[PDB]
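The values are calculated or read from the model by the stated rules, or taken from the named source; no laboratory instrument gave them. Cβ placement follows ideal geometry from the backbone for every residue including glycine, while neighbour counts extend to all protein chains displayed.
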Amino acid sequence: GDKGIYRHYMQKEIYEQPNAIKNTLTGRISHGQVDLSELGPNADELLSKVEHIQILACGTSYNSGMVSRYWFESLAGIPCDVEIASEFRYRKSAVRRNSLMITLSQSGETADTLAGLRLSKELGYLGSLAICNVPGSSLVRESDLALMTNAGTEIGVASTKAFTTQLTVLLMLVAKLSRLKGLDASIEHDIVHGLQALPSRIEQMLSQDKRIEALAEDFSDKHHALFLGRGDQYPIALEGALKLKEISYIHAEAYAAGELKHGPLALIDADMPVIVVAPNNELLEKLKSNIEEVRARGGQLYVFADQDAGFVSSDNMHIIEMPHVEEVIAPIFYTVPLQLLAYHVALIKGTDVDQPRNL
């Protein structure tokens, strides 16, 4: 990795995101559909007889996994369950009738997943689709089926592109399975549309850089933050929180937006800004009401929403507007501002973005 124009690998990776997402599509879309042809002819058996998915990873790879759960359950109608590699490999787990081992992972060497998988062999899982990003290495070698996200490599210790790409492949596989089960096949095409939209929708968001450099000032000297998502956006709060913990060292915690008032609200003052990710109007109405209950301790709500939704900043709710995007890929879109955000906080605090402390 040569740095080129950028200050850091991480910045670079963020800015490489649209491209990399190109590559993870190159020849997986043809006749404008999902071609899972590197899979080899022994692929499509199996996937048809699936009535449950089990995903299994660490770090950020886990959050990508968590996202794609929401997808399956609603889009492909296939039960999905997510687990942290370490939590898995030490419980007697009940197995699900006919189950797939999707094991998400970056470089596919990750100690914990690796043996997570192995335990499934002897637990009688239908088998193993790995998703990962390095050719032939220990996870790749022992998995039945591969889905190399080929990102070019990620040098910064904070997963950026690696997240988006994994989300993409997750997304194709949602499509492959939705057809291999009969359903509306429009439900494939939405994915495919959004899927092709995506690369330049991120460039949309990338251009918005500057406006995020602004907001990070609001965050650069805080020591707590509270990221709030719902449904499939919630796992994006986990990725939000995570990155802020990771590269800016702020205590960031993510939380189900519904749940503000069973715990955290009492934590909010001038030192814990609350970020929400992409609420709908009904949600926002509750959060608005929540945060007003704490205007006195000087708490602020920062909301990332569709310019299209016409929310308006009141004095202590601050709308950050993003462009419209197609619901199917929203989760992927919204990742980037949180990435840039964290990154800019890190930049202003001057903390070691590429190799951050203890990670």
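Condition first: outside any loop (DSSP other than H, G, I, E, B) and surrounded by 21 or more Cβ atoms within 10 Å (Cβ to Cβ). Now tell me which residues in the stretch 108-126 satisfy that.
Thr113, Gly116, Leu117, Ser120
Any residue that is in a loop (DSSP other than H, G, I, E, B), over 20 Å from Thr164 (Cβ atoms) and among the acidic types (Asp, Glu) - is there at least one of those in the stretch 279-288?
No, because not a single residue in the stretch 279-288 is in a loop (DSSP other than H, G, I, E, B), over 20 Å from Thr164 (Cβ atoms) and among the acidic types (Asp, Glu).
Collect the residues in the stretch 238-276 that are small (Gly, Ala, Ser) and in a helix (DSSP H, G or I), keeping them in residue-number order.
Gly240, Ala241, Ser248, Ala257, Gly258, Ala266
Those residues that are among the aliphatic types (A, V, I, L, M), in contact with a strand residue (DSSP E or B) (Cβ under 7 Å, 6 or more places away or on another chain) and closer than 20 Å to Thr164 by Cβ, I need them from the stretch 57-105; list them, please.
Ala57, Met66, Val82, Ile102, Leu104
Take the residues of the stretch 311-351 that are in a loop (DSSP other than H, G, I, E, B) and free of Cβ contacts under 8 Å to residues at least 40 places away in the same chain: which is surrounded by the most Cβ atoms within 10 Å (Cβ to Cβ)?
This residue is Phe311.
Have a look at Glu38, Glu16, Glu83, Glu51 and point out the one that is assigned by CATH to the domain that holds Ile187, without any contact (Cβ under 8 Å) to a residue 40 or more places away in the chain and not hydroxyl-bearing (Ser, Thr, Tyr).
On inspection, the qualifying residue turns out to be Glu83.
Do you know which of the residues in the stretch 87-107 that are of a type in the set (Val, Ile, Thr) and in a strand (DSSP E or B) is surrounded by the fewest Cβ atoms within 10 Å (Cβ to Cβ)?
The qualifying residue surrounded by the fewest Cβ atoms within 10 Å (Cβ to Cβ) is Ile102.
When the residues of the stretch 1-45 are filtered to those that are of a type in the set (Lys, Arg) and not in a loop (DSSP other than H, G, I, E, B), which remaining residue is surrounded by the fewest Cβ atoms within 10 Å (Cβ to Cβ)? Reasoning before the result, please.
Going residue by residue through the stretch 1-45, those that are of a type in the set (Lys, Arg) are 3, 7, 12, 22, 28.
Cutting the leftovers down to not in a loop (DSSP other than H, G, I, E, B) gives us 12, 22.
Numbers: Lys12: 23, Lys22: 13.
Across the stretch 1-45, the extreme among qualifying residues is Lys22.
From (1) in the same structural domain as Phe72 (by CATH); (2) touching a residue at least 12 places away in the same chain (Cβ under 8 Å), pick out the condition that doesn't hold for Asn358.
(2)
In this structure, is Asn280 of a type outside the set (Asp, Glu) and over 24 Å from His251 (Cα atoms)?
yes
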